[PDB]
Every structure is written in C-alpha cells, then in structure tokens.
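J.: Below you will find the structure I want to go over with you.
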Amino acid sequence: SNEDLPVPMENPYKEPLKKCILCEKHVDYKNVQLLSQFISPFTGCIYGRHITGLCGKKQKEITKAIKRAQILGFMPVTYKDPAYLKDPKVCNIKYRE
Amino acid sequence: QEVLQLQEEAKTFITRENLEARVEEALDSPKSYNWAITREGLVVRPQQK
Amino acid sequence: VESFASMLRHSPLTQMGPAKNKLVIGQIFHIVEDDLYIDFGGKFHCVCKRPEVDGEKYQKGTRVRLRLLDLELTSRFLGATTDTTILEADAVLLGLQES
Amino acid sequence: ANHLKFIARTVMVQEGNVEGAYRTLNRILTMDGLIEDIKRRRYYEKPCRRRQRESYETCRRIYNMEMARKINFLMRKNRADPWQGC
Amino acid sequence: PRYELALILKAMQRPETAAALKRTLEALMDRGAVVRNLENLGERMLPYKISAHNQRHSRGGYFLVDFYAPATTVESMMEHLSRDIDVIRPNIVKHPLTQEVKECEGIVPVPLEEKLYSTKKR
Amino acid sequence: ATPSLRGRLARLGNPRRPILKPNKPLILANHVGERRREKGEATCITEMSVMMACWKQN
Amino acid sequence: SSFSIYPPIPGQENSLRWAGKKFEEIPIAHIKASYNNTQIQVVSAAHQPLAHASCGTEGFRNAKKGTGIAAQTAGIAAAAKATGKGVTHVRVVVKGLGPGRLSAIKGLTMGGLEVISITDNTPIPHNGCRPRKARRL
Amino acid sequence: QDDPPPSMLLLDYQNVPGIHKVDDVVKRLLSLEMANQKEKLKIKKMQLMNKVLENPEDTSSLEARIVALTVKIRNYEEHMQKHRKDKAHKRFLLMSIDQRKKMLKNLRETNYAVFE
RNA sequence: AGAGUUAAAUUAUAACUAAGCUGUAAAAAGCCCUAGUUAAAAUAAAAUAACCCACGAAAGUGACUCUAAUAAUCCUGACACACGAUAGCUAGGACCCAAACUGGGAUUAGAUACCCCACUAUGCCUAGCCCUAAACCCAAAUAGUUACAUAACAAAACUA
RNA sequence: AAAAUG
Ligand SMILES: [Mg+2]
Ligand SMILES: [Mg+2]
Ligand SMILES: [Mg+2]
Ligand SMILES: [Mg+2]
Ligand SMILES: [Mg+2]
Ligand SMILES: [Mg+2]
Ligand SMILES: [Mg+2]
Ligand SMILES: [Mg+2]
Ligand SMILES: [Mg+2]
Ligand SMILES: [Mg+2]
Ligand SMILES: [Mg+2]
Ligand SMILES: [Mg+2]
Ligand SMILES: [Mg+2]
Ligand SMILES: [Mg+2]
Ligand SMILES: [Mg+2]
Ligand SMILES: [Mg+2]
Ligand SMILES: [Mg+2]
Ligand SMILES: [Mg+2]
Ligand SMILES: [Mg+2]
Ligand SMILES: [Mg+2]
Ligand SMILES: [Mg+2]
Ligand SMILES: [Zn+2]
C-alpha cells in the first residue's frame, strides 16, 4: 500500500561507455599517415593496447592494416616516415625523460 | 534500391571508349587517403596545407 | 507514523544521487598538523590537505566546501573474497563556507 | 638493407653530450624490447620453454600490477595516526 | 567495388605511364572484369628499394584500380602482371568498401575474475 | 591497466585450454618483497687506463 | 634552442653543418661490439675505409680483449688513425650487444673525435636463421 | 551434373521488379558470373528444393534438411576432387554423409512414401 | 587445403682496409680461401603487435594476398570409418642455418657428458608409410544446482 | 669452472 517503495527499473545514471579513438571509423591499409602514429619512430614496433588505448576490434584491425601495408609497398618497416613524423601524439609512451 | 544505386554507377564505369579519357584524367587528378587522428577523437587532414 | 521508504525517498542523500563531482558542505571535526578531517556527513569522513591560502583560518568546527568524488573508496584485488575498505571518502577542497 | 640508412634507432647528440645520448638510445631499445630480444635470440629457445616464459611473465606482471594498484590505493593511510593512545 | 588492385608502376614518363595504364586496363577487361574507377595516388618515394625484373627500383608511381571481377579470373591477372616488366609490385585485394563498418561499440569494462581459488584458510 | 584474467586458468567451468599456468596461486600477499641490493662494479677503470698510459709511454 | 633527436634526413631543407659538411658527407664509424671482441672501422661517406682498429689488433689476447678496457684502447687507436687522415666529426654505428659497447664509443672521444650521432644497427632477424642450442643442458 | 548459367540473375536480385529493363552491364554484375561459390550453393539449393520438395516453406522438415545437406555433400565432393590432401573437408564430407544417412533412416521409419 | 608474394637477418659471389677471426670462468683446437664495410640470388623461419585468447573434433594454427571452406532444426554411443605433434622408413628434389652420430680441443683419476669448433642422418617440398607422447588442463560426453557439505593437497562440493 | 664414496 506504500507509494514510496522503490520500483525495479533500469539505472538512469548509467554513464556512456568509453570509446576507442577509432570507434565507428574506417581503418585502411592505404592511410600510412594514420598507421604511422601507432608505430615507434625509432624502431618501428607496433604499440600494444596499454600504449594505444583502443578497444578490442580496432587494435587487431590496425595491426592487420600495418602488416598489410608493410608488405604491399606503402609503409617502411624499420622506421617511421619523417614526413609523418610530425603527426600529433596519440600514443601514451614517453621516451625522452 | 541497390539495383538503382548500381544503375547510377553504371554511367561512370571505365569502358573502351572511356579508356583514353580516364587514363589522362587519372594522370592529372591525384588523390590522397592520408588522414590523421587526435586524442579527442577528431580527424585532421593534410590537404589544407 | 512516517515510514522509512517515505523518509528515505526525501533524504538528501537520495536527492544527491551519484556522489561524483557533487558540491557538499562539510564540517571539520579533527585537526592534524597538516591533515584536516572533514565530515561531509554522508557516511564517512574525508581527509584533506591544508591549502596555502588562508591556512590559519582552518580550525576545528570550520565549515568548508567540497567537490565529492566517491562516497567510499573500495576496490577488489587478487584472491580477495570481499573489497578492501579504506574507511574514508574521496573529496577535494574548494572553499570555506563562502557566504 | 633495403631501407634508407641512418633513420632508425638514431639519436642526435646535443652539445657534445655522448654519455647521455647513449643512455637515451639505450632507453629507446629497452622500452621497445630490443635488448631483451637480442639477449633471448643469442641462444635458441624451444617452444615448450617459450610458452612457460610467457606464462610466468604474464602471471608476474599481473601480480605486480595488482600489488602496485593496492599500494597506490592504500597510500592515503600513510598519514600520522591522530588517535594514538586510544 | 569488389576487388582492388594496388599497382606500383615504374617511375617513368607521362606518355609511357599512359600507355602502361591503357594496356593494363585492357588486360583487366580481356579477362571479363569491368573497371569501376581509376585513382592515381601520386609518385612518391618507395618505402624500400624493391628488386624486380633485374632492376633496383627506388621510385614508383602508385595507382588504385577498383573493379568487379569473377573469383576464377583473379589469379590469371596476377600472373600477367608478374611478367609485365613495367609493374614493380602487383597486389589484388578485396575492396575495403565491401566490408560494412560494424558498430565499434566501445570499451566494455571487464571485471576482475573471482572464484579462481577456493576459500581455504592460508 | 591490469591484464585480464577471465578464461586464463584451468578450472572446471573453463571450456577452453588454459592460458596462464601459475607456479604459485595468484593470491595477493600481505607483505612486499625486500628491496634488492645492487651489485657493485669497479670504479674509474677509465682513469686507471690514462694513469697507466703515462707509465707505458714514459 | 629547438633541438630534435631525429636524424637530419636528406629529404628536407634543414640547415645543419659540422666543419662545413652536411650530415650526408660526415664519415661513419662502424663499431661491432661482440661478446669476445670489439672491432672499429672508420669509413668515409663514400664507403672508403680510412681507419681500422680492434682489440685483437691492439696486442691483446684471448680473454683480455673482451673487457671494456680493450675496447677503449681500440677506440683510442682508431681515433688516432682517423685523425691522421684529417677527420673531425663521425657518426657512430653500433652493431651487436656486448661489454665493449659504450667503452669503445667513448674511446673515440678520448682519442680526439667528436661524436654527433649514434645509430644502433643491431642484427634483429624476425625469426630467420635458427640460432644455436642453449648451453647448460 | 547441374549447369547453372553464369548470367542467371542470382536469387538476391531475381524477385525484385525491373531486373530485365536495366542494361547488360548491371545484369552481368547481378549475375552468377560475378558471384562467389556460396551464391551458387544457394541457387542449387533453390533449384533442388523447387523440384524435389513438396512444400518449399517447411524447412524444418526431414526431407528439406536432407536436400539441403545433399547440396553441401555435392559441394564437398567437388572440393575433394580438387584438394586431395585436405583432411578437414574430408572429415566434413564423411560426417555429412553419415548425418544424411541417419536422417534417411529416420525418414524411412516415419514417412515411407516421402523416403522413396 | 591449394595458388602467388617477401620486410629483417644469414649465405654462395665481387670491390677497399686490417693481420687476425671465432671461441670460453680461463684456455686449447679450428679458420687465417680469415675479419669489417659497400652490393647480392636460392633455401629455412615467420621480431613488436600478443598485457591479445580467436579458430579447429583433437593433434595443431598467429608474415601478406586470392579461391574453396569450417557437419548435424544440434543427447550418449564402439573393436566400424576418418584424422592423429614430434621422432622414424621409402623414392625424387632442396640444404642459409641448427644438429643426433662422428672427429678434434678443454675439465676430470677416468668423461666414450655438461664447455668450444667442424660435419652427417634429420629439421625443408611432393608422393607413399609408421599410428607413438607427461597425446595432461593427469579432471569423459550431454542438460543443470549453489541445496547438505571442507580426509589432506590441488582447480569447491554435487545431481539426472 | 672442478668436485667421488661411507
Ligand atoms: Mg573450441
Ligand atoms: Mg607446481
Ligand atoms: Mg612464494
Ligand atoms: Mg633432458
Ligand atoms: Mg602443400
Ligand atoms: Mg632480403
Ligand atoms: Mg647455394
Ligand atoms: Mg690456436
Ligand atoms: Mg614474422
Ligand atoms: Mg558447426
Ligand atoms: Mg555421438
Ligand atoms: Mg603421426
Ligand atoms: Mg619426417
Ligand atoms: Mg643436411
Ligand atoms: Mg654447425
Ligand atoms: Mg669428444
Ligand atoms: Mg598437447
Ligand atoms: Mg589420462
Ligand atoms: Mg565419451
Ligand atoms: Mg588441517
Ligand atoms: Mg665404490
Ligand atoms: Zn572502438
């Protein structure tokens, strides 16, 4: 008979889930400028999840795109292109201290 | 709708008559797929340079 | 006779909702050389750092403004059946009863 | 070999400071994992040992990260006790 | 677009590139494939010195040929472009546009796994 | 961020092959390890060399 | 004073000089620092060997040439032979991970050469040739 | 052996109006000439179900499932004729044969006229 | 399962420089047709990504591209059918590198072992066999429950 | 590095 009892309904304060920087984006093997931000400038390694911060699908997609572009003749393997060297820093890795 | 979508694209296909025009047009109209990202999640283009 | 559902529906904590980034008034009830024990009043007492500006004006019983972050800092660790309770709350200092 | 030289793993010296430039270069390789890779590739490791190494490293990393998380969580209670004598 | 062809042509003069593209597209059409668009990516530095046809190549022009071709004729075109001496590297892949972009829903928070060990008192 | 632990160990409810194989149970202990003392090394071999250069030359 | 550790690639229009020469004309010091020896060879930009000195050539012996002191002495002598031909700046290229790695690098500075750039060209096969079996069976 | 024409205007673009009014360029792209093998599998399934079955809509029926798996068995035998050392698809074909035989036994036990 | 391709390293092969190179706790043996740098096919393997946990029934699989393709309107079920890591056998081809065996050099009282060097079978491709593993996650398959209830340890106790 | 037995 109490009208002030809690009602079993969905959480209204549910915050939206965090998105990877490339949620609902198109990853391509021809976009060497985009692919270069996730590779080390000095050695050329592909950064991991703890460095990039991408949700599960886009990490595998960017890895596959880098590996395809490295063999199709679009991006160097051993180093990052100096033309794309001046791109904004998306990775969370800091070398010079 | 897909049939109608392809119908529009059938006009711009490359054919024997359009070979000489399309090759020269491609040789004079370069295209670039380069685009970068930022920490906020926005796309930035090199074409404004 | 008023029922607990009725008074809990009108309790200020119910009106606050989530405790993230909420402005509350607290009163300091204990003083350490550099740490201030501020009771914002919800469940626990938060601990804050004495600022550099008007640091002498913080005494026992002083009312201050807080931006509440969490009601109670608890988290899970490896091989733990329950949480590890910190017996405190998370809040930051903004001012001292600006009125 | 097929790539252009003097681009990868190259550090430019500033004001003749070679000792610190070498430390910067060493940091580059350690944080990219090349030093451990060379020391591991010196002698071949069997896949059975590689799986064990990966499992041990992952378990150790998980334990270390959880311990660091708990330490940072409990750093707040480092303050001097005001209820001494109770 | 169904298939994409990333044609790395040898760096050479404008009429020679025009003739090479014309004959390449003629070979594409002879196998029963319709070329939808032709895109030029420009002539840039190659990422590495590619050795093909007893020649060391440092430059090269990039071209993108997207088309509709039967699954049976994909390999013959590869053999033709392999023996074509003005092509540095022929590659036929699937066009990126035929894979629809699924909703990249976001970082779903995963909790810490629990009940991995019993409740024995240590 | 902490690496995931779901579906890693071999349990009754785990349907797949175990991924991680702990030497000891992954229970967070109540004491951290004692800090390691660094191994010493010889000092100024470089200056000893220039000291002995005078002796070998003169 | 905006200084970047990234190399001055010839593709750009930067203005950096060392003794009047560009970065592309400055000689190279290839330094192979093995686990038992350290070999230093100074070649020019045109890939002409100018100076060569190694711990084995320094009058050392079997195990005494593996120490960092032998590497430093080899660097000093290689620097002397390089200065004999009139060179001021060199670019060090380190190959391999060994004990005489940094010592033979500082050997050039001790012997009278200025180091402007250090490049780590270490052989890193991406699982190519299978290396030898592990010791201590 | 069945001979599906390459210019058949495959099922996904067959029941929509105005297919015959467009030109040969569109008709060729919407045909089996530009299609993969799965499209031909669907076409063969449709053509077999329209002639062998009595109710094409009742898919959950034993005889409809038998026809559907017969299509897959023919595809697997065609794959085997090209790949001899393939053991995975050999296992798939040999297990599909047993499944079809099991359901044929069930159909013989339940509905004899349909089985014949 | 087929077809095509190779980014790093390595090597057969040429050119300049040096008298040494490799080798270990230290040595010796070996190579000085040796070593460093600049160019370089063929074979073998597939850094980082992977702090990812997906595919396949299992063994097993993570360099790239294309084709074919991953049974069952989904219970259990053999001595029947089909697979089955590495190791081994037969025929043809390949052989950078690694290495059983073997021959030298160390240590030891002895060392037909651990340490160093060289090399063979072998690891590689096609075809045909062999049908074995700590083939283990030592936890059978199918639908479930958190009720009673810790021999000990370990991955908690249990139902049809 | 080395190094057996009761
Ligand atoms: Mg499975
Ligand atoms: Mg154990
Ligand atoms: Mg322990
Ligand atoms: Mg053993
Ligand atoms: Mg094969
Ligand atoms: Mg190569
Ligand atoms: Mg050969
Ligand atoms: Mg000797
Ligand atoms: Mg690889
Ligand atoms: Mg299935
Ligand atoms: Mg069964
Ligand atoms: Mg077998
Ligand atoms: Mg064999
Ligand atoms: Mg052999
Ligand atoms: Mg050998
Ligand atoms: Mg012997
Ligand atoms: Mg196994
Ligand atoms: Mg068993
Ligand atoms: Mg069973
Ligand atoms: Mg007990
Ligand atoms: Mg005795
Ligand atoms: Zn995302």
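Letters A, B, ... mark the chains of the structure tokens in the order given; residue numbers begin at 1 per chain; ligand numbers begin at 1, in order shown.
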Residues of segment 64-93 of chain A in helix (DSSP H, G or I) according to DSSP, as a PyMOL selection string?

T.: chain A and resi 64-72

J.: As a PDB file with N, CA and C atoms (P, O5', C5', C4', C3', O3' and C1' of nucleotides), in the first residue's frame, please: the residues near segment 70-74 of chain A (cut-off 8 Å, only C-alpha atoms (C1' of nucleotides), same-chain neighbours under 5 positions excluded).

T.:
```pdb
ATOM      1  N   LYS A  30      45.841   1.832 -46.802  1.00  0.00           N
ATOM      2  CA  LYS A  30      46.448   2.856 -47.640  1.00  0.00           C
ATOM      3  C   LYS A  30      46.720   4.159 -46.902  1.00  0.00           C
ATOM      4  N   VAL A  32      48.856   5.528 -44.661  1.00  0.00           N
ATOM      5  CA  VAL A  32      50.132   5.386 -43.968  1.00  0.00           C
ATOM      6  C   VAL A  32      50.281   6.442 -42.881  1.00  0.00           C
TER       7      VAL A  32
ATOM      8  N   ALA E   6      46.381  -2.666 -56.263  1.00  0.00           N
ATOM      9  CA  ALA E   6      47.347  -1.637 -55.883  1.00  0.00           C
ATOM     10  C   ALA E   6      48.553  -1.759 -56.803  1.00  0.00           C
ATOM     11  N   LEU E  46      59.592   5.150 -52.667  1.00  0.00           N
ATOM     12  CA  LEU E  46      59.266   3.815 -52.193  1.00  0.00           C
ATOM     13  C   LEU E  46      59.772   3.639 -50.764  1.00  0.00           C
ATOM     14  N   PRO E  47      59.024   2.937 -49.911  1.00  0.00           N
ATOM     15  CA  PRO E  47      59.499   2.712 -48.536  1.00  0.00           C
ATOM     16  C   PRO E  47      60.825   1.980 -48.478  1.00  0.00           C
ATOM     17  N   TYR E  48      61.092   1.112 -49.447  1.00  0.00           N
ATOM     18  CA  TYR E  48      62.345   0.379 -49.524  1.00  0.00           C
ATOM     19  C   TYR E  48      62.669   0.135 -50.990  1.00  0.00           C
ATOM     20  N   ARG E  89      55.215  -3.929 -58.273  1.00  0.00           N
ATOM     21  CA  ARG E  89      54.587  -4.863 -57.346  1.00  0.00           C
ATOM     22  C   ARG E  89      53.082  -4.930 -57.577  1.00  0.00           C
ATOM     23  N   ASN E  91      49.368  -6.301 -56.637  1.00  0.00           N
ATOM     24  CA  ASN E  91      48.642  -6.833 -55.490  1.00  0.00           C
ATOM     25  C   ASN E  91      47.149  -6.661 -55.718  1.00  0.00           C
TER      26      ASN E  91
ATOM     27  P     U I   6      59.052 -11.991 -54.165  1.00  0.00           P
ATOM     28  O5'   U I   6      59.109 -11.369 -52.699  1.00  0.00           O
ATOM     29  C5'   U I   6      58.796  -9.998 -52.476  1.00  0.00           C
ATOM     30  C4'   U I   6      58.671  -9.677 -51.007  1.00  0.00           C
ATOM     31  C3'   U I   6      59.992  -9.592 -50.242  1.00  0.00           C
ATOM     32  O3'   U I   6      59.888  -8.590 -49.234  1.00  0.00           O
ATOM     33  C1'   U I   6      58.616 -11.233 -49.256  1.00  0.00           C
ATOM     34  P     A I   7      60.572  -7.152 -49.442  1.00  0.00           P
ATOM     35  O5'   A I   7      60.029  -6.296 -48.214  1.00  0.00           O
ATOM     36  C5'   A I   7      60.793  -5.235 -47.664  1.00  0.00           C
ATOM     37  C4'   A I   7      60.828  -5.309 -46.159  1.00  0.00           C
ATOM     38  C3'   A I   7      62.119  -5.838 -45.556  1.00  0.00           C
ATOM     39  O3'   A I   7      63.116  -4.838 -45.444  1.00  0.00           O
ATOM     40  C1'   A I   7      60.282  -6.944 -44.571  1.00  0.00           C
ATOM     41  P     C I  64      49.721 -12.013 -41.634  1.00  0.00           P
ATOM     42  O5'   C I  64      49.696 -11.456 -43.125  1.00  0.00           O
ATOM     43  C5'   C I  64      49.965 -10.089 -43.392  1.00  0.00           C
ATOM     44  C4'   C I  64      50.058  -9.822 -44.872  1.00  0.00           C
ATOM     45  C3'   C I  64      48.906 -10.339 -45.717  1.00  0.00           C
ATOM     46  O3'   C I  64      47.763  -9.504 -45.672  1.00  0.00           O
ATOM     47  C1'   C I  64      50.955 -10.897 -46.751  1.00  0.00           C
TER      48        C I  64
END
```

J.: Please find the residues of chain F near chain C - the criterion being any atom within 8 Å, counting only C-alpha atoms - and write them as a PyMOL selection string.

T.: chain F and resi 26-28

J.: Go ahead and write the selection's residues with C-alpha atoms as a PDB file, in the first residue's frame.

T.:
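Below you can see selection12.pdb, which holds the result:
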```pdb
ATOM      1  CA  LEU F  26      47.698 -15.824  -7.643  1.00  0.00           C
ATOM      2  CA  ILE F  27      46.772 -14.635  -4.154  1.00  0.00           C
ATOM      3  CA  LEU F  28      47.955 -11.141  -3.266  1.00  0.00           C
TER       4      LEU F  28
END
```

J.: Find the spatial neighbours of residue 30 of chain G, counting only C-alpha atoms (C1' of nucleotides), within a cut-off of 6 Å - ignore same-chain residues fewer than 3 positions away - and output them as a list in words.

T.: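 Residues near the query, excluding close chain neighbours: residues 40, 41 and 93 of chain G.
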
J.: Name each residue within 9 Å of ligand 17, counting only C-alpha atoms (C1' of nucleotides) and all ligand atoms, as a list in words.

T.: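 Protein and nucleic-acid residues within 9 Å of ligand 17: residues 59, 60, 85, 133, 135 and 136 of chain I.
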
J.: Within 12 Å of ligand 11 (counting only C-alpha atoms (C1' of nucleotides) and all ligand atoms), which residues show up? I'd like them as a list in words.

T.: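 Based on only C-alpha atoms (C1' of nucleotides) and all ligand atoms, ligand 11 is surrounded within 12 Å by residues 95, 98, 99 and 102 of chain H; 57, 72, 74, 75, 76, 77, 78, 141 and 142 of chain I.
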